[PDB]
Amino acid sequence: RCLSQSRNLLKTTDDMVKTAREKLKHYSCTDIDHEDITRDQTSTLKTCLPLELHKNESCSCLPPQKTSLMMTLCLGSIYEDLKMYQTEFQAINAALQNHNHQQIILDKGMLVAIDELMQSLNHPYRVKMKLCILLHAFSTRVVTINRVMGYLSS
Amino acid sequence: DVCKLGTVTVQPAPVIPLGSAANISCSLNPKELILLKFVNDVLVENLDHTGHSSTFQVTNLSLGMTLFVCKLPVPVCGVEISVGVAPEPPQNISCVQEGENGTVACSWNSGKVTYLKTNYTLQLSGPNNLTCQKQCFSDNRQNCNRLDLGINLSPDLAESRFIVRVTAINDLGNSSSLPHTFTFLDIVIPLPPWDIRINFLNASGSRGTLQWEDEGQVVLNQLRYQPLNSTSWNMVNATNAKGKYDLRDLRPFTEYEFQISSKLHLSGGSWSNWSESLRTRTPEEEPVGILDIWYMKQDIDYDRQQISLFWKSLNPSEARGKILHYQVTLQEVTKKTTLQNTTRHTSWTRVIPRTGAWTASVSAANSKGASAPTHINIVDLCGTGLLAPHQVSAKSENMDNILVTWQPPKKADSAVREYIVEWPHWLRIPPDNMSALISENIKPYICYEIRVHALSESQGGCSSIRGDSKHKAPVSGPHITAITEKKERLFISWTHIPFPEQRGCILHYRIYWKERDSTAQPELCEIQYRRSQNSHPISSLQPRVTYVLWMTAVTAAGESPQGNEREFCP
Amino acid sequence: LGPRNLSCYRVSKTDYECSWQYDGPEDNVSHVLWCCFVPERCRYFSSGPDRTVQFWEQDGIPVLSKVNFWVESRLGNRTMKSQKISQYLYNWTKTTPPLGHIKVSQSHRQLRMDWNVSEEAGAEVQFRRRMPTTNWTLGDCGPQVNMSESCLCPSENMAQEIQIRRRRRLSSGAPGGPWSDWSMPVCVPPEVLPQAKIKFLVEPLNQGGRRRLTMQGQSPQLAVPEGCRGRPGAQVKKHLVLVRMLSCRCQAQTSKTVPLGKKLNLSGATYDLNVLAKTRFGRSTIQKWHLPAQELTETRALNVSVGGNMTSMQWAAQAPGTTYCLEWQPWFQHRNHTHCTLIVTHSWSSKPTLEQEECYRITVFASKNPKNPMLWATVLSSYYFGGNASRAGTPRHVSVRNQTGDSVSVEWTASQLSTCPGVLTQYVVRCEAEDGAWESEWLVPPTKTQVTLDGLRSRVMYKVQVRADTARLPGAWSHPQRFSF
Amino acid sequence: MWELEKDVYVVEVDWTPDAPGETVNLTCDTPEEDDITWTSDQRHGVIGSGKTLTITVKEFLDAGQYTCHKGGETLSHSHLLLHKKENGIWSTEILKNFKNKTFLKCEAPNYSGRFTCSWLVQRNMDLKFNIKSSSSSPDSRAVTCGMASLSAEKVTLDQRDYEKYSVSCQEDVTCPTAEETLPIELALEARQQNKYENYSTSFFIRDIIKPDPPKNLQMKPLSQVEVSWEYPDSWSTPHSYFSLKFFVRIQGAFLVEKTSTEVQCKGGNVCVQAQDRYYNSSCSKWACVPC
Ligand SMILES: *[C@@H]1O[C@H](CO)[C@@H](O[C@@H]2O[C@H](CO)[C@@H](O[C@@H]3O[C@H](CO)[C@@H](O)[C@H](O)[C@@H]3O)[C@H](O)[C@H]2NC(C)=O)[C@H](O)[C@H]1NC(C)=O
Ligand SMILES: *[C@@H]1O[C@H](CO)[C@@H](O[C@@H]2O[C@H](CO)[C@@H](O)[C@H](O)[C@H]2NC(C)=O)[C@H](O)[C@H]1NC(C)=O
Ligand SMILES: *[C@@H]1O[C@H](CO)[C@@H](O)[C@H](O)[C@H]1NC(C)=O
Ligand SMILES: *[C@@H]1O[C@H](CO)[C@@H](O)[C@H](O)[C@H]1NC(C)=O
Ligand SMILES: *[C@@H]1O[C@H](CO)[C@@H](O)[C@H](O)[C@H]1NC(C)=O
């Protein structure tokens, strides 16, 4: 299922976050400075909710037992949101190796994990600052994905 | 971007040479300013209209990577700064080939580290339009001290002299080296030969054949072969052995280490590394030595006399190899009779009628057969006293050595041609040699007997005497056990004093007797020691007067203390 | 007499306090004080027998002005007054002692006391330490640097107590408010504990090879003052013991911690007993005891099969289904090589550690849970002599001495198998005359290295050979000695 | 220097021995213009004449109640408070920090939009509290909850025990969200004997959750033995969209997520905690049964 992949990706993200916290003691990795990049499309915060938690209609891996017409919007939003995430981690991964700076290595854990999720579901100095703020928002995001997927699957 | 709190700029460049100066400006978007400086992300350095545009000068940048950040405490922005040097011109180029099947490998010295990402290029050029190029990236973790180009040119064409180049590129300044010339012959090191195996020929450990497989065009080979006896390893050369060699004149029954190296040409190629060591065992060789056999003549009866046979093999020229079987065989000289037996131990006994002479032979049967049958003629234990020499003498100047010197027999010294000496264990001595040096299987502080037989075909002479190597004063003396009076003579009888208290050979006894009321010197009698005696006589003393008796045991190097006391009133 | 030593000061932010001492009777005496403001307006207060007067910023006291104070004591038909004072309320403030449990660390004649203070400003730090026998002794901590504050003390050998206090100095290097009071006293235990002899019980083991240990309950007594209570500075927090079973180390290391004074079940092996006391620093001192290994007199059967590449030893266990551990330890050697396995037979690869001639201790332990020393049972630790026993069974240096005309004495040295207990059974000595018509054999107990040969015919040449015999195979004949008389 | 409440004035005074206070002018809210009697509660007698009176405030004697009066009739009255300042650092002396150097400690039981906030006062004589969402931007999340200065169980610290005052607040949103972007910000107004205080805090409600210990603890020896619990009813619905993770501790031990673990007793009590399975939020208090 997608579920084992979800736990694997959550665990490797936790490991990468703890390594970043250890290594980047003075970098902007604490304060939080939480500025998301998903302001353009926000249906993850809008469509990824339970049907018993739905009170007003104004605002594969899918099991046949839990079939809904509005969960597809949530899965499509997660799909596109993670494609934009994947595209920018390609950029930061390429940018973290061109210079001689090699104190921090980003293993392919989230990369291969989100790649497997995508194939399963359908079908200087500024750079590490950007990487840390993206991981800070990405932790809360990936908690949201795991929450909604664990809800929809079970 | 991420620096929404303003901007920072540096002058002149993000990359800087050592010891230069930098001008840093921190600015903020319209509507205190501190600078934090780091080394390897390590904090060792620390520091509204004016804050809108702050200009500062930073110098004395240490060698490495530095983090300089402008922070208002909310951070404003920052730049990462790297300092370094241009690479040094590399020195001591050295390129290596490995055998017929091996690409070009080579090594060079990159000198000191610039703490910056650099890359190195290796260039190979040579006649008949041969060239190659490769790159290696060097950083704080990876060092390009050696590289393999991955191209294996033909070693047959050894008539081209080639050029090697190495070049260094960094962000600061390019570096190069001299275009080193090299001779194709020098680069190649042939691989050591394999299939180095042993074949046994001629049924002897002194002979063998070595076989191996190696490049057929190799013209020179060298072999090291050594046992554990000496650290020096035996050297031998060979010109066009073609994978096979024959080894003659080897010392048998010995573990050997064998190694081999190659050389393709006398003026071309190079040596080879040592091959795998062969741990070989050398087979046995049948000995040709002659072993003496010793006999004792003890007379049970005139028709069933007992004859013993003793021998000892103590050298690996007559006891070489796994000896297990001893085929003993006796012949009778006067009448045609022989006896044969198999023995595994060194002592063997047999009952034979006393009449006639004998010839006793033994074999040394090892793994591949027996040695030559060693035989000794047997005569009477003692012959006439005409051939008996003068009393033999013995001297020990050393605690573990005895020299025995014999006078020639009173008749002549020409009839006998060999002397045998025993103490039992046996040695041989020619008559020409004046004395005999024996220093083995003897322990001081024990009385010994030494015997020499002059071996003759008709009647062999015999002589013997008792002595010891080293002796000291005896620990104690014997006791006066029994006293008797008869025929106006006093007989004193004792017991055999035990061995450990004499510590050697006892020479004589001195008995002191006196009257009980005399404090003067007691009168003394001298007794020469002999094994057979156990009682001693003494003349009549003064009647009706008590007498005190005691004794001491005196050797050459000491005297036993006074033993017991006896009071007698006759 | 009367009131004296007036002192008003600030207990806490939004708090103020004042105090003084009286000289005279405590019967029917009233105490009243005043304050006046030069804007004139005056305020007053009284508390009778109680001395602690508490006042703060919302009773109308002038606090940002040079406020003046006087006091009057009234008894009977008499009143008397003390000296007038005038000062600023904010300055001269009483600070706070180190609140909470101050942390302490130990070192070789060093005691480091670190704590946290609410007011970040540095203050003068002073302490007083007391012996159980003498009174207090004062000591200044000197200047420090500050988020926390630390102090140093020389570590006295026995337990001591100490109190800490402060006073807020001015920034001009001058004392401001008076001394803050001492905090709660803290006790330092001895850095080394003088340990006495605890008593243990010794007993022979049973047929099963089992031993019972009941450690006697005793604790030392520490001389501490009246105030040294509620803390491990008075006595040790807890005693403890550690048992180490160093005989079957195939599995993970299994050392067991036990509260002192309870029933434990031990086996007939070597053991390490460690009696320890956990103070506030941790492990202070140790009582060390060693338990030598023993073997039951009941020898049970063991079977062996060595040679080739497979060495296998067989027996009949009491019950299968539980893991066992087997040890093959060379007794004579320095035990450079330790050989054991964890698996009725056991088979393993042949290695040059068990094939030589010497004593091998074969140790069989039954186990089910490698966590407790109760369930290890000494099944058997037996002696083995590997290799060829005939060569080791050959006597060396057989010496025969004539005693009488018919009796002679044969003596020889002990072989290797004499130094392995329980294997040798007898010695065969052969008396044969050289004629071959008279041959006899005698059996000698292994504990005797000497025998007296009797029944000998005189004037007959004699050859003697000796052997040593084990329970399995006969020994080899020694070198014959040829003697007569 | 502003109206806290209608007719109520608050000023700030430099609390320092060697600098003067601030000058504030007061007027009587009455169309009649004539000499007037103004009196306070700390100072007896009228200190100023005229409808407009200047007052230099330097000390709490100058704070409090100021009544406008003439003859026998009270024309008006005014309230004056103080806001103390210590050398560039705002004075915070009505409340006390928790063990984590935090003045206000809030906690939510579940994601229902409701929570509580707790704080530690030193005394209880004439205090007043106010809790509001200090909202500047319109899209900031807002609360519409009431105010209680309600007393609670007297809790202790490294010294004598003190008073806990708490409120039960609740957030309201038009439509729910899968997660929260903007944090939750609260402002507290405190007052003791005319001592004015403003306190502020900000926090997410997803980093402060402490769930409840389980309700039904069954014990089935299975030979094996299994303890059974259940997630409390006091939680968001369903239990699948938001889940829990549990500790196990016998009398430093392991974590479990399934209800029945087969541990064996060693003569000691066994207990379980309650933690969310994603965040490093606060652990609850164990409710358990021995063996
Ligand atoms: C211990 O080492 C010996 C050395 O080979 C092993 O073989 C033994 O070899 C001796 C050789 O002298 C055998 O003695 C023989 O005895 C017969 C008895 O009639 C005699 O006729 C022969 O002339 C010879 O003296 C000995 O029997 C033989 N032992 C055995 C058991 O065959 C021996 O096997 C080794 N023992 C062990 C336990 O490994
Ligand atoms: C929160 O506290 C601050 C400072 O304690 C208050 O700030 C004052 O705000 C008033 C207007 O509300 C201004 O006239 C003052 O000048 C401010 N003080 C200073 C020193 O400049 C604030 O009012 C309090 N309340 C809120 C809701 O923010
Ligand atoms: C090498 O450096 C010199 C100046 O130092 C420059 O002119 C030249 O172009 C460089 N060559 C390469 C290949 O970088
Ligand atoms: C406290 O501060 C005031 C400031 O005017 C000063 O006069 C006084 O000396 C200080 N200390 C005392 C003793 O009150
Ligand atoms: C003081 O507070 C710090 C805060 O982390 C704490 O670690 C320390 O144990 C406290 N006590 C001291 C330093 O005595």
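FYI the Cβ positions are ideal-geometry reconstructions off the backbone, even for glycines, and counts take in every protein chain you see. Values in this text are rule-based calculations from the coordinates and carry no lab data.
The table that follows gives values for the structure above.
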item: Simple spin-label estimate for C:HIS397 and B:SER539 in nanometres, 7 Å along Cα-Cβ; result: 5.0 nm
item: Two-decimal Rg/Rh across the range C:390-483, once Rg and the Kirkwood Rh are taken from alpha-carbon atoms; result: 0.97
item: Surface/4 estimate of mean projected area, convex hull on alpha-carbon atoms of chain D, nm²; result: 22.5 nm²
item: Helix-only CD estimate at 222 nm, as mean residue ellipticity for the protein assembly as shown, using -39500 (n - 2.57) per DSSP H run (n ≥ 4); result: -2000 deg cm²/dmol
item: Packing rank of B:385-392, C:180-187, D:258-265, C:133-140, where each peptide gets the mean count of other beta carbons within 10 Å, highest leading; result: C:180-187, B:385-392, D:258-265, C:133-140
item: Placed amide H near B:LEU250: partners under 5 Å, 5+ positions off or other chain; result: B:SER206, B:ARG207
item: Whole-Hz ³J(HN,Hα) from phi, Karplus 6.51 cos²θ - 1.76 cosθ + 1.60, for the range C:391-405, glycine and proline x; result: 5, 5, x, 7, x, 10, 6, 6, 10, 10, 10, 5, 9, 10, x
item: From phi via Karplus (6.51, -1.76, 1.60), per-residue ³J(HN,Hα) for the range B:118-126 in Hz, x at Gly/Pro; result: 10, 9, 10, 10, 10, 10, 10, 10, x
item: Cα pair distances of the range B:1-160 binned at 5 Å [whole percent]; result: 1, 7, 14, 14, 12, 9, 8, 7, 6, 6, 6, 4, 3, 2, 1, 0, 0
item: Three-way shape label, the range C:1-111, alpha-carbon gyration tensor, a/c 1.5; result: oblate
item: Mean projected area (nm²) of the alpha-carbon convex hull when the protein assembly as shown is viewed from all directions; result: 107.8 nm²
item: The range C:358-397 residues near the modelled D:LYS266 label - backbone nitrogen below 12 Å, point 7 Å along Cα→Cβ; result: C:371-372
item: Principal axis box of the range D:179-276, alpha-carbon based, largest edge first, Å; result: 69, 33, 23
item: Shielding by other protein chains, D:168-178, mean Cβ within 10 Å; result: 4
item: √(5λ) per eigenvalue of the Cα gyration tensor, the range C:103-188, largest first, Å; result: 24, 15, 11
item: For the range C:194-387, alpha-carbon Rg and Dmax in angstrom; result: 21.1, 77
item: Cα gyration tensor shape for chain A, rounded if a/c is under 1.5, else prolate or oblate; result: prolate
item: Dimensionless Rg/Rh of chain B - Kirkwood Rh, Rg from C-alpha atoms; result: 1.36
item: Using a Förster distance of 30 Å, the FRET efficiency for B:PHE56-A:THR42 (Cβ separation, nearest 0.05); result: 0.10
item: Other-chain or far-sequence residues with amide H under 5 Å of D:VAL143's (modelled H); result: D:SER133
item: FRET efficiency, D:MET147 to C:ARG229 (Cβ-Cβ, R0 56 Å, nearest 0.05); result: 0.75
item: Estimated FRET transfer efficiency (C:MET131, C:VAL258; beta-carbon r; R0 41 Å; 0.05); result: 0.70
item: For the range D:1-154, convex hull of alpha carbons as volume per residue, Å³; result: 202 Å³
item: Test item: A:45-53 mean partner chain Cβ contacts at 10 Å; result: 4
item: Entries in B:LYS4/B:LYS37; A:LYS11/A:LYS130; A:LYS130/B:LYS71; C:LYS13/C:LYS81 that, when Cα-Cα distance is taken, lie over 19 Å; result: B:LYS4/B:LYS37; A:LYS11/A:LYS130; C:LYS13/C:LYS81
item: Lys pairs under 21 Å by Cα in the range D:92-203, provided they are eight or more residues apart or on distinct chains; result: 21
item: Across chain B: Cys residues that no other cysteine approaches within a C-beta distance under 4.7 Å; result: B:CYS132, B:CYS525, B:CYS569
item: Intensity falloff of the range B:294-366 expressed as log10 I(q)/I(0), Debye formula with alpha-carbon point scatterers, at q = 0.12, 0.21, 0.23 Å⁻¹; result: -0.37, -0.93, -1.06
item: Positive minus negative residues near D:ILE94 (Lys, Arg vs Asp, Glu; Cβ under 15 Å); result: +1
item: Under 21 Å from the Cα of C:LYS371 - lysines, other chains or at least 8 residues apart; result: C:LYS256, C:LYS262, C:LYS263, D:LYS266
item: Whole-Hz couplings from phi, Karplus 6.51/-1.76/1.60, listed for the range D:185-196; x for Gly and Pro; result: 10, 10, 10, 10, 10, 10, 8, 10, 6, 6, 9, 8
item: Fraction of alpha-carbon pairs over 23 Å apart in the range D:108-225 - percent; result: 46 percent
item: Charge sum, other residues only, whose C-beta stays under 14 Å from C:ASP50's C-beta, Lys/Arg counted +1 and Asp/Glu -1; result: -1
item: Cβ-based net charge around B:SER540, under 9 Å, with every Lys or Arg adding one and every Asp or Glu removing one; result: -1
item: Alpha-carbon Rg with Dmax, taken over chain C, Å; result: 43.9, 150
item: Gyration tensor verdict on the range B:7-84 (Cα atoms; rounded if a/c is under 1.5, prolate if a/b is larger than b/c, oblate otherwise); result: prolate
item: Cut-off under 5 Å, modelled amide H: who pairs with D:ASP14 long-range; result: D:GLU22
